[PDB]
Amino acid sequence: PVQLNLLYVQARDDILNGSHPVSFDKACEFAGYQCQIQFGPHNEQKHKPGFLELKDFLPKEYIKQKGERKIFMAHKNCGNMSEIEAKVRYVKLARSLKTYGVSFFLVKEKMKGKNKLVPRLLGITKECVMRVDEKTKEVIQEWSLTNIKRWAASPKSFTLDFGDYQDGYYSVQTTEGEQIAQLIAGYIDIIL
């Protein structure tokens, strides 16, 4: 019990505070299990819109949306599923998503033909660097940490040079340039 719960709490919080970017629909799937866990099977009597504080069931970037109807619907989808069997599922849904176990940063990429930068999620692990869609969350690109030649940072930018001719560099708008530079560095020197 105690071990299963450490992981559940870990996965949960990393989602509620937005450390693990997930797409709406899933946040509500999670919330669904979160209700099964904290309340027990659904009760179409008590469990109706307004019966929940959505600030402690979802990523700040969805509390607004008001998908309280989505959560109870997913809640309902758990029948009489145990508090434990739900914790499990939630932890398997948390791992099945690529964004799982990555350390993102919000970056602003300049896309050709449009002066208007398009917010993006930058992901980094001890093995790769991925490009993740701000809203949808679906990765768009992926690079091996071992193909990183050098990086650079400034109080308002970050750039990664793989040494890939055609593509060139990957520069972005960021205030976290010195932290994203620190991470990678730590990782790289662990991986020869």
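The first residue of the shown sequence is 1; numbering continues from there. Only the largest set of C-alpha atoms that superpose within 1.5 Å between the two forms is called the rigid core.
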Checklist outcome for this item: Core-aligned CA RMS in 4 other deposited structures of this protein: between 168-176 and 11-19 the higher one is 168-176
Checklist outcome for this item: With the rigid core as the fit reference, the stretch showing the greater C-alpha departure in 4 other deposited structures of this protein, 79-87 or 118-126, is 118-126
Checklist entry - Would 84-92 or 113-121 have the larger average of its C-alpha temperature factors, as given in the entry? => result 113-121
Checklist entry - Per the PDB record, is the mean Cα temperature factor higher over 54-62 or over 137-145? => result 137-145
Item to check | Residue, from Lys26, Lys126, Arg150, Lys156, that the PDB entry assigns the highest Cα B-factor | outcome: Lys156
Checklist outcome for this item: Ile190: C-alpha B-factor third of its chain, per the entry, is the highest
Checklist outcome for this item: Split the chain's modelled residues into thirds by Cα B-factor; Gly32 lands in the lowest
Checklist outcome for this item: Among the modelled residues of its chain, the C-alpha B-factor of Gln10 falls in the third labelled lowest
Checklist entry - Against its chain's modelled residues, does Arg69's Cα B factor rank lowest, middle or highest third? => result middle
Checklist outcome for this item: By the entry's values, the third containing the CA B factor of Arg131 is the middle
